[PDB]
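Chemist: Here it is: the structure, laid out below.
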Protein chains: 2
Amino acid sequence: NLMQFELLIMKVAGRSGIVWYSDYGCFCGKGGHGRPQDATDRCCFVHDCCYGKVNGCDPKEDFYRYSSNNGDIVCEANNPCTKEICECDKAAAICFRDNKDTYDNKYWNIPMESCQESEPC
Amino acid sequence: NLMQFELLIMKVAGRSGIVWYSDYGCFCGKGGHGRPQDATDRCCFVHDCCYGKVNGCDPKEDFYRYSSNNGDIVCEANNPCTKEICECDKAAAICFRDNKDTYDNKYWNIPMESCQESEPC
């Protein structure tokens, strides 16, 4: 569930997803569409796509089980569907962390005109 | 800031915004198109519109000052722009609270085809 995603972002990237990644580019935030603007934005695009590939459970709603060790997330294999959700969230959190050097407020609150026809997954 | 919106929702409505309102109707965790599907969805629509009227500060990002006693939210008059953000978030949290009894999973994950109509603010 997206609260768990927030927690993983905090554990892995050392910053809040809701604070910093909720209005970024074309995909980090609600109503994502268009083309990813930078690496951080692509992290969100990939996350959306990852969620779209999860079948048999609800990736935006269902809770998953995981452990965290000093910023290292282990998605538990108690249920392959919810593990898939967890792996989506873990991957996105890692992607935000790995691209922290190009995070840029240039991409905050960008005009509607910047996000039009969507890159397909 | 959206983290503060979460705090207001949690206190006022008694449940998490990120958990329960990230994929509801055409506007809760989505937006940009459609007509509100029920009263909860309309809360989100109105919140989007409210944010749309904010001039001079960034409603998704900027932090506001508020106090809370016995579950009330008093948006501080230290800055009219951030107070306006606060009031938007407060109104939405109240709206979620007031409509919690009709909150229904009927409106989870609705197809894009259900959100093609356009309703102005």
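Heads up, chain B uses Swiss-Prot numbers, so what you see runs 1-116, 118-122.
Yeah, the Cβs are placed from backbone N, Cα and C, and that goes for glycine too.
The annotation disulfide bond is assigned in Swiss-Prot to B:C26-B:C115, B:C28-B:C44, B:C43-B:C95, B:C49-B:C122, B:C50-B:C88, B:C57-B:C81, B:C75-B:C86. Taken from Swiss-Prot, the feature Ca(2+) binding site covers B:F27, B:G29, B:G31, B:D48, and the record attributes it to similarity to another entry. Residues or ranges marked as active site in Swiss-Prot (evidence: similarity to another entry): B:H47, B:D89.
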Chemist: What does the structure give for the C-alpha distance between B:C122 (disulfide bond) and B:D48 (Ca(2+) binding site)? Integer Å is fine.
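Modeler: Their Cα atoms are separated by 9 Å.
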Chemist: Just name the recorded positions among B:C26, B:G29, B:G31, B:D48 whose Cβ comes within less than 8 Å of a chain A Cβ; none is a fine answer.
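Modeler: Listed recorded positions passing the 8 Å Cβ cut to A: B:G29, B:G31.
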Chemist: Among all the protein chains here, how many other CB atoms are within 10 A of the CB of B:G31 (Ca(2+) binding site)?
Modeler: 19
Chemist: Can you count the other CB atoms that lie within 10 A of the CB of B:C75 (disulfide bond)?
Modeler: 19
Chemist: Compared by Cα position, which of the disulfide-bonded residues B:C26, B:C28, B:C81, B:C86 is the closest one to B:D48 (Ca(2+) binding site)?
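Modeler: Given the candidates B:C26, B:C28, B:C81, B:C86, the nearest one is B:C28.
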Chemist: Tell me which of the recorded positions B:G31, B:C44, B:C86, B:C115 ends up closest to B:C95 (disulfide bond) in space, Cα to Cα.
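Modeler: Result for B:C95 (disulfide bond): the nearest of the recorded positions is B:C44.
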Chemist: C-alpha of B:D89 (active site) to C-alpha of B:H47 (active site): distance in Å?
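Modeler: Cα-Cα distance, B:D89 (active site) to B:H47 (active site): 7 Å.
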Chemist: Given the disulfide-bonded residues B:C26, B:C28, B:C81, B:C88, B:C115, which lie within 10 A of B:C49 (disulfide bond) by CA-CA distance?
Modeler: B:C88
Chemist: If you measure C-alpha to C-alpha, which of B:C43, B:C57, B:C81, B:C86 (disulfide-bonded residues) come within 10 angstroms of B:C28 (disulfide bond)?
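Modeler: Within 10 Å Cα-Cα: B:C43.
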Chemist: Using C-alpha atoms only, work out the spacing between B:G29 (Ca(2+) binding site) and B:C81 (disulfide bond) and round it to an integer in Å.
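Modeler: Cα-Cα distance, B:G29 (Ca(2+) binding site) to B:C81 (disulfide bond): 24 Å.
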Chemist: Name the secondary structure element type, per DSSP in three states, that contains B:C75 (disulfide bond).
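Modeler: Assignment for B:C75 (disulfide bond) reads strand.
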Chemist: Using C-alpha atoms, which one of the recorded positions B:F27, B:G31, B:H47 comes nearest to B:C81 (disulfide bond)?
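Modeler: Closest by Cα distance to B:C81 (disulfide bond) among the recorded positions B:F27, B:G31, B:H47: B:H47.
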Chemist: Which residues in the same chain, at least 6 apart in sequence, have a Cβ under 8 Å from the Cβ of B:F27 (Ca(2+) binding site)?
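Modeler: Residues satisfying the criterion: B:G34, B:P36, B:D41, B:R42, B:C44, B:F45, B:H47, B:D48.
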